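Asker: Sending over a structure as structure tokens; questions will come in a sec.
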Amino acid sequence: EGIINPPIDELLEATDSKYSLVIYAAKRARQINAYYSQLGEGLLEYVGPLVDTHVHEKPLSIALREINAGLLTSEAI
Amino acid sequence: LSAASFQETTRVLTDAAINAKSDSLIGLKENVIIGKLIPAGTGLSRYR
Amino acid sequence: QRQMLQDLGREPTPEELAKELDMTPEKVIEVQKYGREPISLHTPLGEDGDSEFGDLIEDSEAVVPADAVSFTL
Amino acid sequence: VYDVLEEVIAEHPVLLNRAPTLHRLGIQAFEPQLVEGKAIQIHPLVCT
DNA sequence: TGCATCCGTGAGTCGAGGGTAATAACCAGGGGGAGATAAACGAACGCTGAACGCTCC
DNA sequence: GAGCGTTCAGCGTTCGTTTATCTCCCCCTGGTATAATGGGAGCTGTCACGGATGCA
């Protein structure tokens, strides 16, 4: 029930840096928002929320929850 | 550009014109003028 | 008008000024409107030194965001 | 509007900031929370 | 070569707010745009019925 | 056929149009014939620092 609901220490050890984490959650949040705005096209490349979602929610909040599970993977190019 | 944004804004403009100095845009203060991303933190090539 | 002020001892009305000029009062009101001078934008308000007059007047040519998106809708 | 408003502000930070802002802890994000009156409530620990 | 002088630069942070003066004055001519009246066509009407059909004795 | 029934028709018949004429004030320019012949005027004081620039 707060911003601090996914703890930061668990998130930090997954990404090994701090600046890496913010862009990584933000890139994912951009994707999931873009998925919700298909409105009927149903393009294959986009992927929806992996975890369950509240009736109203912020896409960035969903993204951070996915990192804590650790299912999502990031790679620098 | 960063030097001009400091205390002197006539002498630096005057001699730059004479010297014909091309400003490479790497740096912090000059990347705030243009609106680009500062090379510090999330603005780095590797993080972004 | 300067002579009228000195003679009559009171600020003359435009109509009495008009008959002396022999023109109509509407012409008097018109010429008074043309006889002003602009005030410079780059001037201090006087409340503080830093503030300038030119940073207090808004433009109309800017595209208001709420109206522009409504037209698309 | 007030019912709708409480729904949208949740999980959306706001950056508080005091005027001199000497050092980088001058700007700090917070989770908002609606409160009546007209004055920003702030947390006593973060005052210094 | 040393000493004297002047010139340029900088000097926190956000708040509050709107207006400034004065002297020959005229015909004379004359140009140049801004507002006022009859001619070229085609489209509403106009009676012209005429020229076709639509029912009726 | 009687008597009138719909509907093209092209034709007038001036009224439709836009398009052509033509008369007028602001605006710009030029000219005055006694003699007249080198400004008013507003300042001034922060403070340190440095480097150019003058001069003993």
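Asker: Looking only at segment B:10-23, filter to residues that are part of a helix (DSSP H, G or I) and not hydroxyl-bearing (S, T, Y); which one of those is farthest from the other protein chains (Cβ to nearest Cβ)?
Answerer: In this case the residue turns out to be B:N19.
Asker: Looking at A:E45, A:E1, A:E41 in this structure, which one is assigned to a loop (DSSP other than H, G, I, E, B) and within 12 Å of another protein chain (Cβ to nearest Cβ)?
Answerer: Answer to the selection: A:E1.
Asker: Which pairs have Cβ atoms under 7 Å, sit 6 or more apart or on different chains, and link a residue in segment A:51-71 that is without any contact (Cβ under 8 Å) to a residue 40 or more places away in the chain to one that is among the polar types (S, T, N, Q) and surrounded by fewer than 18 Cβ atoms within 10 Å (Cβ to Cβ)?
Answerer: Here the result reads A:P59/A:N33; A:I62/A:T53, each pair linking segment A:51-71 to a residue that is among the polar types (S, T, N, Q) and surrounded by fewer than 18 Cβ atoms within 10 Å (Cβ to Cβ).
Asker: Can we say C:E30 is within 21 Å of the chain's Cα centre (by Cα), surrounded by 10 or more Cβ atoms within 10 Å (Cβ to Cβ) and either in a helix (DSSP H, G or I) or at positive phi (or both)?
Answerer: On the way: within 21 Å of the chain's Cα centre (by Cα): yes; surrounded by 10 or more Cβ atoms within 10 Å (Cβ to Cβ): yes; either in a helix (DSSP H, G or I) or at positive phi (or both): yes.
In short, yes.
Asker: If you don't mind, another one. Considering each of B:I18, B:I33 in turn, give the residue that is closer than 30 Å to A:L21 by Cβ and more than 15 Å from DNA strand E (Cβ to nearest atom).
Answerer: B:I33
Asker: Tell me, please, whether a residue that is away from chain D (no Cβ under 14 Å), under 19 Å from A:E1 (Cβ atoms) and not acidic (D, E) can be found in segment A:50-60.
Answerer: There is at least one residue in segment A:50-60 that is away from chain D (no Cβ under 14 Å), under 19 Å from A:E1 (Cβ atoms) and not acidic (D, E).
Asker: For segment B:24-48, give me each residue that is within 14 Å of another protein chain (Cβ to nearest Cβ), touching a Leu at 6+ places or on another chain (Cβ under 8 Å) and among the basic types (K, R).
Answerer: Listed by number, the list holds a single entry, B:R48.
Just so you know, all these numbers are worked out from the coordinates, no wet-lab data involved. Neighbour counts run over all protein chains shown; Cβ positions are idealised from the backbone, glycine included.
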